Amino acid sequence: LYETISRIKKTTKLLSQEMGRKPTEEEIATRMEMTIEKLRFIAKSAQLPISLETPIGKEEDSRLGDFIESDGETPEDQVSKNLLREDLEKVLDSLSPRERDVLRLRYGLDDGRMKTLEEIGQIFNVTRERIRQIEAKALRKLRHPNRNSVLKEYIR
Amino acid sequence: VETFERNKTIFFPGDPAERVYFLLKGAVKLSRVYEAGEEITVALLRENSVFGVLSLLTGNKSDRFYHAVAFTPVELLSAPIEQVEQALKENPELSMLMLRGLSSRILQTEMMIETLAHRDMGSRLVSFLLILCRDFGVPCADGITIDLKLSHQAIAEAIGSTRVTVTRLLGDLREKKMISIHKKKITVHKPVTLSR
DNA sequence: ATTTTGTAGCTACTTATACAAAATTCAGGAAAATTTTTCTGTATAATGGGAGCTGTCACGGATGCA
DNA sequence: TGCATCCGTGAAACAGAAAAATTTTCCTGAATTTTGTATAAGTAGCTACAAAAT
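Residues numbered from 1 in each chain as written, not as in the entry; some residues may be left out. Chains lettered and ligands numbered in written order. Part of a larger assembly, values for the part shown. Heavy atoms only, no water.

cryo-EM is the method the PDB entry lists for this structure, together with a resolution of 3.6 Å.

Peer 1: I tried to follow the overall build of chain B on my own but got confused; where do I start?
Peer 2: Helix and strand content of chain B: six helices and four strands. For chain B, the α and β elements follow one another from N to C terminus as β-β-α-α-α-α-β-β-α-α. The C-alpha atoms of chain B give 18 Å as radius of gyration, which agrees with the globular expectation for 196 residues (16 Å, within 12%). By its C-alpha atoms, chain B is 55 × 35 × 30 Å across when sized along the principal axes. (Helix = DSSP H or I, 4+ residues; strand = E, 2+ residues; numbered from the N terminus. Rg over C-alpha atoms; globule rule 2.2 N^0.38 Å.)

Peer 1: In this structure, what is going on with the overall build of chain A? I would like to understand it.
Peer 2: Broken down by element type, chain A carries seven helices and zero strands. For chain A, the α and β elements follow one another from N to C terminus as α-α-α-α-α-α-α. Taking 2.2 N^0.38 as the reference for a compact globule, 156 residues should give roughly 15 Å; the C-alpha atoms of chain A span a radius of gyration of 30 Å, well beyond that estimate. Each principal axis of the C-alpha distribution contributes one length, and for chain A these read about 80 × 45 × 30 Å. Per-residue burial for chain A yields a buried fraction of 24% across its 156 residues. Accessible surface, chain A as shown: approximately 11,900 Å² in total, 56% of it carbon and sulfur. Taking the 31 positively charged and 30 negatively charged side chains of chain A as two groups, their mean positions are separated by 6 Å. (Buried < 20%, exposed > 50% of the residue type's maximum accessible area, 1.4 Å probe, protein only. Areas by Shrake-Rupley, 256 points an atom, 1.4 Å probe, with all protein chains shown as cover. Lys, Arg positive; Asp, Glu negative; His and termini not counted. Charge placed at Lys NZ, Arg CZ, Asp CG, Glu CD.)

Peer 1: I would appreciate a short explanation of the UniProt feature "DNA-binding region" in chain A in the present structure.
Peer 2: Taking the numbering used here, the UniProt-annotated feature "DNA-binding region" corresponds to residues 117-136 of chain A. Counted over residues 117-136 of chain A, helix gives 70% and strand 0%. Its end C-alpha atoms are 13 Å apart. (UniProt positions renumbered as here; feature names shortened; annotations may be inferred.)

Peer 1: What should I look at first to understand the interface of chain B and chain A in this one?
Peer 2: The parts lose accessible area when they come together, and the size of an interface is often stated as this lost area. If you look at the interface, chain B gives 11 residues, while chain A gives eight residues. Interface area for chain B against chain A, summed over the two sides, is near 680 Å², with a carbon-plus-sulfur share of 57%. For chain B, the biggest contributors to the area lost against chain A are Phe12, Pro13 and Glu35 of chain B; these three give 48% of the whole. Taken together, the links from chain B to chain A amount to one salt bridge. Between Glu39 of chain B and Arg140 of chain A there is a salt bridge, with the nearest N and O atoms lying 3.7 Å from each other. (Contact = heavy atoms within 4.5 Å. Buried area = accessible area lost by both parts, 1.4 Å probe. Salt bridge = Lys/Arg side-chain N within 4 Å of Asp/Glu carboxyl O.)

Peer 1: What exactly am I supposed to notice about the protein's contact with DNA strand D here?
Peer 2: The local shell around DNA strand D consists of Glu3, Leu117, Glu118 and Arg132 of chain A together with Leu150, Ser151, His152, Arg163, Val166, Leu170 and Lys184 of chain B. Put simply, 87% of the atoms of DNA strand D that lie within 4 Å of the protein are in sugar or phosphate. Side-chain polar atom of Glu118 of chain A to a sugar or linking oxygen of DNA strand D: 2.9 Å apart, as the coordinates give it. Contributing elements (two or more residues each) for the surface near DNA strand D: α6 (117-125) of chain A together with α6 (164-173) of chain B. Along the lines of polarity and charge, the residues of the surface near DNA strand D split into four nonpolar, two polar and five charged. (Near = heavy atom within 4 Å. Polar contact = N/O pair within 3.5 Å; in protein donor to acceptor, adjacent residues only side chain to side chain. Nonpolar A, V, L, I, M, F, W, Y, C, P; charged D, E, K, R; others polar.)

Peer 1: Even after reading the chapter, I still don't get the UniProt feature "DNA-binding region" in chain B, so can you show me in this structure?
Peer 2: As annotated by UniProt and renumbered to match this structure, "DNA-binding region" occupies residues 152-171 of chain B. Summarising residues 152-171 of chain B: 70% helix, 0% strand, and an end-to-end C-alpha distance of 14 Å.

Peer 1: Just checking my understanding: could you explain the pattern of salt bridges for this structure?
Peer 2: Two side chains carrying opposite charge are able to pair once their charged atoms lie near each other. For the structure on display, the rule yields 11 salt bridges over all chains. Linking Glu99 of chain A and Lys137 of chain A is a salt bridge whose minimum nitrogen-to-oxygen distance equals 3.9 Å. On the criterion of sequence distance, the pair formed by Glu99 of chain A in helix α5 (residues 97-105) and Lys137 of chain A in helix α7 (residues 132-142) is long-range, its members being 38 residues apart. Its relative accessible area of 24% is what places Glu99 of chain A among the partly exposed residues. Assessed through its relative accessible area of 22%, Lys137 of chain A is described here as partly exposed. The salt bridge partner of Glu5 of chain B is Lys8 of chain B, with a shortest N-O separation of 3.4 Å. By relative accessible area, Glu5 of chain B is classed as partly exposed at 46%. Ionic contacts of the salt-bridge type, sharing partners, join the residues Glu89, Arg104 and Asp110 of chain A into one network.

Peer 1: What's the story with the protein's contact with DNA strand C in this structure? I'm lost.
Peer 2: Every residue near DNA strand C is listed here: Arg128, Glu129 and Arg130 of chain A together with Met121, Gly160, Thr162, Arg163, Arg168, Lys183 and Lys184 of chain B. In the interface set of DNA strand C, defined as its atoms within 4 Å of the protein, sugar plus phosphate atoms amount to 76%. Taking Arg128 of chain A, its side chain carries an N or O atom lying 3.0 Å from a phosphate oxygen of DNA strand C. A distance of 3.0 Å separates a sugar or linking oxygen of DNA strand C from a polar side-chain atom of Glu129 of chain A.

Peer 1: Explain the nonpolar core to me, please; I cannot follow it from the model alone.
Peer 2: Burial of nonpolar side chains together is a common tendency in soluble globular proteins. Of all hydrophobic cores here, the largest spans 17 residues; its most connected members are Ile10, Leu30, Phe51 and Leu76 of chain B. In this structure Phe51 of chain B touches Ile10, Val20, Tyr21, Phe22, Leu23, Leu30, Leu45, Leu76 and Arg105 of chain B, once residues within four positions along its chain are discounted. (Core = buried A, V, L, I, M, F, W, Y, C linked by side-chain atoms within 4.5 Å.)

Peer 1: How do you make sense of the state of the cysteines when you look at a structure like this?
Peer 2: All names here are of chain B. Inspection of the entire model under this criterion finds zero disulfides over all chains. Here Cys133 stays free of any disulfide, with the sulfur of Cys140 as its closest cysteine sulfur at 11 Å. Residue classification places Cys133 among the buried residues on the basis of a relative accessible area of 4%. The exposure class of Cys140 is partly exposed, given its relative accessible area of 41%. (Disulfide = S-S within 2.5 Å.)

Structure follows, in structure tokens:
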């Protein structure tokens, strides 16, 4: 690509000769063989990174990167969530405690998304005709106002 | 022109975006919710046409008190409450328009009325079966059938059924003479005639 | 004096079961297709770079010394 | 040997290649519904019926 880029530079400079500042791009693509999409990509592609700490500027007071955060998240989100957990928990955990297990088994509320009804049916007590019934039952139960109207605000 | 898929809801109770809508296409049946469970759909629509009277029941403070449904892949338009509020506040015709559409959902009820809660789970199932063929039916050779890809027990919501949809209908499918199936199809043979 | 209460009853009559293959879809595999990344050569001849900076200190050292 | 200086502190190449990758295809396979389908009773109904309270 380095060469392609350079080659473009020269070829585009030729365009610039006729069309000053080669404003042509897609027209340059008639000679660039590809939408400016890659031309601009090339542009960014050919960028050299920055010290993360070049002293900032308009003031030598500080380096760069000292105005951002890591891949982490603010407690504000953390908590809200964790509320969700329990909020739920109880709110679920007030209708058919056994079934509530499968609610967490065939779903989350722990660390499976899942335990495929298949495996789950037998997991709790070996079953085939007692699963998606209580499944929907559980949902529609904790669904509808007064029930689902508790996560209605905490839709997290 | 809002819409969804064959397995979705339009909304719940408690949810305050209650203005008259405009099912642009597809049934988008609405499944009125209940406490413990069991949701009629009742509502079921056509081109262009409205549903979900909300800012209209207990004023604009009405709670849907009825969960909704994106029945088939939806197609539904809506309009700023003003259309049924300010724009409606104007000439009757404006309101009348919405009222005419409301009268459609109303007519719908009357249609369910009698046909539904008739008595038998077979006659009743047919009492609105032909009706259905008159709603989303598909006429073809045999006659005015529906064809929509369906349960045995959504059907049960038609009665309070368990295997009647897959058992009794089989009768009409063959033993009794009234429809036929292509994996999940309906071929109403007829308006009346055999099986009447 | 019918009517509601009955009792002694069924039949119809309808869930319920459980299975069940049939669907019916889904996922993964497998390519295979291909796009992108690598690799290699290049023959007149070619044989030391860039810079500058030039205003405290201290100390301990300063070995180095004469 | 105290007395120099004198470390260094706190403040742009390419064409030719290939081979990778990758990646779209497939397919498939299975796994997984649904539905059909039985299934089996029991049944809760239901429908008359009967004597005895309007």
